[PDB]
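# A look at the structure
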Amino acid sequence: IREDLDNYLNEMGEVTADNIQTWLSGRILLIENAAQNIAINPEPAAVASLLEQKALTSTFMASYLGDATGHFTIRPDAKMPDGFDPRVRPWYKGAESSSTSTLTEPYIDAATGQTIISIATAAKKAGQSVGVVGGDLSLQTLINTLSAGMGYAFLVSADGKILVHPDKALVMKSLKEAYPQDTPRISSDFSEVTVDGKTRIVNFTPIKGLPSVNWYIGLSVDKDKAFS
């Protein structure tokens, strides 16, 4: 009854990881397509036109272009904080320093003030960059995708930082901070930990095929309700 829990958890981890990968992949492709189209014609009226299109506005909280002069275009348009400079934001630094698209860890959106992640990629016109295109996805949207019986899934980086968790208090806490006693180890196939008085078993599964990041799905399930 222990190698059936093990097999259950390893399989649900793989299914969860694959769901997240395919959910993110289509969104990454839209931002790459936006960056490719922006590189055709980076004039600001053309950029605005592209970012206003319904495929982007229905998929992302907003999408935007920032460039090396500090120019910024965001759609839907939104008053940015005084002094806003895209070149110092995490989406921008991540992407300008990557040969591929990127995904940020959670960070505080300058537009809305809520915690989000961004997909971002440099727009290159004959190898020369014309800026960084990004699109935003809310933390809640990610929580909702990870939660679509015995337990729950969370998203954790390969440094062991919890990135998306149904307990929002654990977002951006390391595994050690979040589980100070009996810290789940990504290096082991399973981990048992006592939480809320109950015993839980924890699995990690790498999410394949994501550009620039190395992230895992964590599965945490109650031992008792699952062993039964």
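Position numbers follow the written sequence of each chain, starting from 1, instead of the entry's numbering, which may differ; residues with no coordinates are not represented. With hydrogens and water excluded, all non-hydrogen atoms of the structure serve as input to the side-chain values. Residues with missing side-chain atoms are left out of burial classes, side-chain pairs and their counts.

The record lists X-ray crystallography as the method behind this PDB entry and 1.9500 Å as its resolution.

Where two aromatic rings form a pair, the distance of their centres and the angle of their planes describe that pair. Here the aromatic set is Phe, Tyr and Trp, taking the six-membered ring for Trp, and pairing holds for ring centres within 6.5 Å; pairs whose planes are under 30 degrees apart are stacked, those over 60 apart are edge-to-face, and all others are tilted. A full pass over the atoms with the stated rule returns seven aromatic pairs. Pairing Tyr64 with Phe72 gives two aromatic rings, centres 5.7 Å apart and planes at 35 degrees, and the pair type is tilted. Centre to centre, the rings of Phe154 and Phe204 are 6.2 Å apart; their planes meet at 85 degrees, and the pair counts as edge-to-face. In this pair, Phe154 sits in strand β7 (residues 151-157) while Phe204 sits in strand β10 (residues 198-206), placing the two residues 50 residues apart along the sequence. Accessibility here uses a 1.4 Å probe with only protein chains present; expressed as a share of the type maximum, an area under 20% marks a residue as buried, one over 50% as exposed, and anything in between as partly exposed. Of the residues examined, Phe154 reaches a relative accessible area of 1% and is grouped as buried. Pairwise contacts between aromatic rings join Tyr64, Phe72, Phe84, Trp91 and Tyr92 into one cluster. The ring of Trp23 carries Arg27 above its face, with NZ or CZ at 3.9 Å from the centroid. The secondary structure listing takes helices from DSSP runs of H or I that are at least 4 residues long and strands from runs of E that are at least 2 residues long, numbered from the N terminus. Our definition puts a charge over a ring when NZ of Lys or CZ of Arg is within 6 Å of the ring centre and also within 35 degrees of the ring normal.

The next subject is the nonpolar core. Counting residues in each nonpolar core, the largest one holds 36 residues, and the members touching the most others are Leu103, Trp215 and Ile217. For this core, the elements supplying multiple residues, two or more each, are α1 (3-40), α2 (44-51), β5 (115-125), β6 (128-138), α5 (139-146), β7, β8 (162-164) and β11 (215-222). At 10 residues, the largest contribution of residues to this core is made by α1. Buried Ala, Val, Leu, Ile, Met, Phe, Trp, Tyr and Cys residues form a nonpolar core when they are joined through side-chain atoms within 4.5 Å. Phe154, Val156, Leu175 and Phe204 belong to the second largest nonpolar core, which has 12 residues in total.

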